[PDB]
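All Cβ positions, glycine included, derive from the backbone under ideal geometry; neighbour counts span all protein chains shown. Bear in mind these aren't lab numbers, they're just calculated from the coordinates by the rules spelled out.
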Amino acid sequence: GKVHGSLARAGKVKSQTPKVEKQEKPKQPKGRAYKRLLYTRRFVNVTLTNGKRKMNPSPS
Amino acid sequence: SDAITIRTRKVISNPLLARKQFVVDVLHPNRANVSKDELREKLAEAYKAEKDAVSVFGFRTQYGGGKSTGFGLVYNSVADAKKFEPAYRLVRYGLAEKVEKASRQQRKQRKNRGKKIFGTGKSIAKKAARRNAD
Amino acid sequence: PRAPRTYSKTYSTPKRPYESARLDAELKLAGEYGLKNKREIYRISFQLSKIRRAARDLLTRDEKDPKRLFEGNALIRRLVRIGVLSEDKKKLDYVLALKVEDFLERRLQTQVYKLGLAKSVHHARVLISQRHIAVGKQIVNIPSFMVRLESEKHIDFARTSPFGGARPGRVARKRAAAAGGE
Amino acid sequence: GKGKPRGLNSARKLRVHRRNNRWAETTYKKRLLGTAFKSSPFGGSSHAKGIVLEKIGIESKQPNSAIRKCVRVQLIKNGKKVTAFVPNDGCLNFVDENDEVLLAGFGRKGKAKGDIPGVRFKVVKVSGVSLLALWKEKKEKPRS
RNA sequence: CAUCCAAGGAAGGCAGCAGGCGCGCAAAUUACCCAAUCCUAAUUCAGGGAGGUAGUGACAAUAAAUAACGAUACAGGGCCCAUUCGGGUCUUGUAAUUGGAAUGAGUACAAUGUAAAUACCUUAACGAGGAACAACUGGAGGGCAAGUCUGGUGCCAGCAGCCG
Ligand SMILES: [Mg+2]
Ligand SMILES: [Mg+2]
Ligand SMILES: [Mg+2]
Ligand SMILES: [Mg+2]
Ligand SMILES: [Mg+2]
Ligand SMILES: [Mg+2]
Ligand SMILES: [Mg+2]
Ligand SMILES: [Mg+2]
Ligand SMILES: [Mg+2]
């Protein structure tokens with residue numbers, strides 16, 4: 001109908017969201033290695049010189 | 001290639017205490033610290049004195065190994081070392097023995113218990129015994 | 001009640017924390033010299049700011065004034081002894097002209113890299129951190145060991161290190177033992 | 001030239017003029033009157049515990065249509081009663097009635113924040129445990 | 001305001017070191033010892049919860065690990081020109097490929113350290129492959145660096161210091 005349940009119930013969206021498990025990953029290096037990775041990714045491996053840097057460019 | 005070598009810098013004679021003070025600079029590559037007793041002996045035949053009138057302490061193997069630095073004294077006689085050095089050094093070197101001391105808390109407890117009684121406890125013991133007798 | 005010894009801060013975060021150009025410059029300097037954090041750049045900038053404050057205060061004072069002479073040449077000799085200020089410009093007006101990259105350049109990290117015994121800046125960082133480089137038969141496990149001019153000639157791998165000549169180490173010794181056994 | 005005197009011997013009136021004008025500020029007046037100790041629910045206190053009396057929800061303003069889940073808490077330090085906000089999504093059920101809850105400031109200098117009317121305090125801890133640890137299931141309510 | 005009480009009496013002062021109750025958002029172990037600083041005394045020697053040492057301690061403060069380097073496959077830029085090429089001629093990244101090194105964080109013979117012990121400095125013998133020895137805390141409309149990607153809810157749930 002208009003509303004699928006009791007409207008004012010607390011923790012509604014949290015309760016009914018689909019629990020999607022964390023995706024397992026390779027370890028992300030931390031510390032000086034992370035700064036080196038960022039430096040390589042931004043100032044020696046310039047990817048999209050057009051426009052801005054556009055870090056995290058949405059895929060479309 | 002062990003070759004523990006020793007040096008005595010800033011040596012000052014001192015008949016005020018009948019001693020000779022110095023800083024021990026021991027160069028020892030490919031080796032850990034110098035295990036004081038061994039260096040006491042080294043100074044003993046270094047300064048033509050017995051292994052008893054020689055003391056070392058305050059050692060510090062510097063960062064990175066190799067060199068180490070401490071303080072050392074050489075006494076004119078073993079008796080002077082006996083009568084001038086602190087008790088704990090005379091215990092470290094085996095020339096004296098640890099004194100049989102009760103713990104500090106027990107000593108203070110006994111001190112207060114002795115405070116409770118005026119004069120010797122001879123009379124009060126028998127008095128209390130014959131008191132609880134009747 | 002014992003007399004305190006004075007701890008003191010050694011850095012100062014910038015007031016605008018979110019400047020795009022400044023963030024990019026900080027990342028450039030971090031990647032160029034293998035700095036672990038951006039607190040390193042803050043620390044060098046703080047040291048430079050103290051130096052500049054002293055220099056400007058001495059500049060305000062009149063020329064040929066005992067304070068100016070004494071502490072100005074003291075700061076000059078200290079900076080040339082560090083090596084950041086070239087001998088050509090010992091004038092106390094080029095002191096205001098120093099950049100943070102100048103003090104960055106004198107780090108034991110970059111000096112080990114320059115000497116070539118470490119082939120990469122991060123390689124220099126790890127080699128320093130693994131207790132290998134010794135500045136005058138004294139190892140320094142600290143990347144920010146400001147190497148002074150009088151002692152730069154005495155950087156090399158330590159004797160205790162395998163590179164300076166000693167037992168190889170855990171992995172090589174274990175492999176040799178395994179090969180000898182089998 | 002200007003309203004203030006300028007003579008070398010006019011320190012007295014300059015000082016008393018500044019001292020009389022300082023009361024025009026709100027921060028200075030609050031600090032000197034010490035209204036925080038006497039009138040505010042907490043006397044110069046960043047946090048304060050309290051007991052949950054009941055469990056209310058309060059509607060928002062015009063531009064924002066919702067019901068923010070609040071809680072009425074009687075403070076233990078002095079006995080005042082104030083409404084407080086249970087911040088996150090599913091945290092209303094976490095705090096039960098008549099349990100000790102540590103309220104904190106709401107971040108807007110003791111004034112109502114956003115679209116929630118007549119509230120000035122968050123909720124940080126309940127029954128000794130923090131709400132943020134409960135909300136990510138890092139800890140659980142002791143249920144005593 | 002309290003304590004023991006044989007109901008006649010007696011004894012109290014932690015804003016000393018510990019520790020406890022209470023209070024409150026809010027603060028430590030009934031630990032070791034006179035080694036060091038000194039102090040008291042008839043005076044070296046005795047004593048000192050003064051004090052020092054440790055215990056807890058993310059109040060603050062300093063330095064700083066969480067990888068480094070090859071050899072291979074997928075690539076990109078300075079290219080010999082530009083027969084389409086293209087060798088990659090010169091380099092720089094991306095790949096659960098793949099190798100050899102180095103090292104602590106931990107354990108631990110010792111010795112140093114210390115009044116005695118921890119702990120640090122040194123160092124035997126162990127101690128890295130997913131080097132699982134796995135770095136979090138907040139944020140991704142603007143202020144303010146970073147998404148108009150996917151799914152869910154549809155002025156609910158909630159977010160939002162302010163605008164929203
Ligand atoms: Mg107390
Ligand atoms: Mg004290
Ligand atoms: Mg506290
Ligand atoms: Mg601890
Ligand atoms: Mg880790
Ligand atoms: Mg995150
Ligand atoms: Mg968020
Ligand atoms: Mg999001
Ligand atoms: Mg932006």
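Is it the case that some residue within the range A:16-29 is over 21 Å from the mean Cα position of the chain (by Cα), in a loop (DSSP other than H, G, I, E, B) and more than 8 Å from RNA strand E (Cβ to nearest atom)? Within the range A:16-29, none of the residues are over 21 Å from the mean Cα position of the chain (by Cα), in a loop (DSSP other than H, G, I, E, B) and more than 8 Å from RNA strand E (Cβ to nearest atom). Residues in the range B:8-46 that are among the basic types (K, R) and surrounded by fewer than 14 Cβ atoms within 10 Å (Cβ to Cβ): B:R9, B:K10.
C:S151: surrounded by 14 or more Cβ atoms within 10 Å (Cβ to Cβ), among the hydroxyl-bearing types (S, T, Y) and either within 16 Å of the chain's Cα centre (by Cα) or within 14 Å of chain B (Cβ to nearest Cβ) (or both), yes or no? In short, no.
Return a yes/no flag: does the range C:40-49 have any residue that is within 14 Å of chain A (Cβ to nearest Cβ) and of a type outside the set (S, T, Y). Yes, the conditions are met somewhere in the range C:40-49. For beta carbons closer than 7 Å, sequence separation of 6+ or different chains, a first residue in the range A:1-24 that is within 25 Å of D:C70 (Cβ to Cβ) and a second that is outside any loop (DSSP other than H, G, I, E, B), the qualifying pairs are A:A8/D:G57; A:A8/D:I67; A:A10/D:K69. For the range C:1-85, which helices (runs of 4 or more DSSP H) that fit wholly inside it have 1 or more residues that are of a type in the set (A, V, I, L, M) and more than 30 Å from C:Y113 (Cβ to Cβ)? Ranges flagged: C:39-60, C:66-82.
Take the conditions (1) within 12 Å of another protein chain (Cβ to nearest Cβ); (2) touching a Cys at 6+ places or on another chain (Cβ under 8 Å); (3) among the hydrophobic types (A, V, I, L, M, F, W, C); D:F94 misses just one of them, which is (2).
Taking the criterion of being among the aromatic types (F, W, Y), touching a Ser or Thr at 6+ places or on another chain (Cβ under 7 Å) and farther than 15 Å from B:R7 by Cα, no residue of the range B:50-92 qualifies. When restricted to residues that are without any contact (Cβ under 8 Å) to a residue 40 or more places away in the chain and over 19 Å from D:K81 (Cα atoms), the range D:114-144 contains 12.
Residues considered: D:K141, D:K109, D:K122. Of these, the only one that is within 10 Å of RNA strand E (Cβ to nearest atom) and on the phi < 0 side of the Ramachandran plot is D:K122. Filtering B:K36, B:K127, B:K51 for residues that are closer than 29 Å to C:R159 by Cβ and either away from chain C (no Cβ under 14 Å) or within 12 Å of RNA strand E (Cβ to nearest atom) (or both) leaves a single hit, B:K36. If you go through the range C:122-143 and pick out every residue that is surrounded by fewer than 20 Cβ atoms within 10 Å (Cβ to Cβ) and either within 11 Å of RNA strand E (Cβ to nearest atom) or closer than 14 Å to C:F163 by Cα (or both), you end up with 10. Taking each residue of the range D:77-102 that is more than 18 Å from A:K14 (Cβ to Cβ) and near RNA strand E (Cβ under 8 Å from one of its atoms) and looking for partners that are among the small types (G, A, S) and not in a loop (DSSP other than H, G, I, E, B) with beta-carbon atoms closer than 9 Å, six or more apart or interchain, yields D:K77/D:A48; D:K77/D:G50; D:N78/D:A48; D:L102/D:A48; D:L102/D:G50; D:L102/D:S130.
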